[PDB]
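To begin, one chain is listed below as structure tokens, in the form deposited in one PDB entry.
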């Protein structure tokens, strides 16, 4: 009913398409039979996070078998692992806008070639919080830039193309519901600032280059807060932009590992951090299980 769509007329005019970073191709792979049942896609930085994710969701669905399962489906690029169980796909996207951007182009084409429809896609991860306790889950309403605007700027053949970065409103409400229902941890909705850079792009004071003070950083974070920002990470903006353009229902669910208004490093004990790390996974696998119990 909402099919995945490409916005590229050149594709229809091709002999074959190779998804270079997955080593999948239209000449060799039957996409509809492989991926046509896919309804939920979860994405995150590392293969180990996405592998823990698929094992959690498989157990929840009763699809967990005694053998050596959830094999990586794809190849050629270590940054990208892909796992599948029933209607769920779990894909790592690596670090930074360029790395997730390549993955999303090829993922969206995969899902298009598979004739997927009504696809929900959710990014999970960690983030620095602004004015929240360590361990709070943020469901992103808009993924904003360094001026706190809901816009992603892409340069296309030397020209600025501005795309909006709203997450899917209904999906946001559904995730918030799941969380209020679970009542296992503080969850808020807020905006998420997506930076390109970690040391200077986030107002950290420990870079090789820094032209500002603690006091300068605090003023900037206080302004981000007043503009609706609750957390900071590095992949959400391009994620949001491309997913709505191509007809995917997108959300971002990040846990905070610290409050940047109190300084730049993580105080929580190892055992505490490790329970925070599982929070986005907990919410999203619970949400998927709920959705597949009402289907």
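Shifts are known only where both forms have a C-alpha. Numbering follows the first chain given and starts at 1. We call the rigid core whatever largest set of C-alpha positions still superposes within 1.5 Å between the two forms.
- Looking at 264-272 and 31-39 together, the entry lists the larger mean B-factor for 264-272, computed on C-alpha atoms.
- Looking at 203-211 and 88-96 together, the entry lists the larger mean B-factor for 203-211, computed on C-alpha atoms.
- Among 155, 82, 107, 119, the highest C-alpha B-factor in the deposited entry belongs to 155.
- Split the chain's modelled residues into thirds by C-alpha temperature factor. Residue 68 is in the highest one.
- The entry lists a Cα temperature factor for residue 101 that places it in the lowest third of the chain's modelled residues.
- In this PDB entry, the Cα temperature factor of residue 10 sits in the top third of its chain's modelled residues, the highest group.
- When the modelled residues of the chain are ordered by their C-alpha B factor, residue 76 lands in the highest third.
- Sort the modelled residues of the chain by CA B factor and residue 50 lands in the lowest third.
Not pictured, yet referred to below: the form solved in complex with a small molecule.
- Annotated contact segment (heavy atom within 4.5 Å of the small molecule in the bound PDB entry): 257-265, selected among 66-74, 48-56, 257-265, 243-251.
- The shortest heavy atom separation between residue 234 and the small molecule in the bound PDB entry is within 4.5 Å.
- Residue contact check for residue 142: none of its heavy atoms lie within 4.5 Å of the small molecule in the bound PDB entry.
- The closest heavy atom approach of residue 148 to the small molecule in the bound PDB entry falls outside 4.5 Å.
- Remark: residue 198 counts among the residues lining the small molecule in the bound PDB entry, judged by a heavy atom distance of 4.5 Å or less.
- The contact residue chosen from 126, 168, 136, 99 relative to the small molecule in the bound PDB entry is 126, the criterion being a non-hydrogen atom within 4.5 angstroms.
- Residue in contact with the small molecule in the bound PDB entry (any heavy atom within 4.5 Å), chosen from 204, 115, 105, 164: 204.
- Of the residues 26, 244, 267, 259, exactly one exceeds or equals a 2 Å C-alpha shift between this form and the one not shown once the rigid core is aligned, and that residue is 267.
- With the core held fixed, residue 76 shows a CA shift of 2 Å or greater between this form and the one not shown.
- Relative to this form, residue 267 and residue 94 approach one another in the bound PDB entry, with their C-alpha atoms ending up at least 3 Å closer.
- When the two forms are overlaid on the core, consecutive residue runs of 3+ whose CA positions all differ by 2 Å or more between this form and the one not shown map to 75-77, 266-272.
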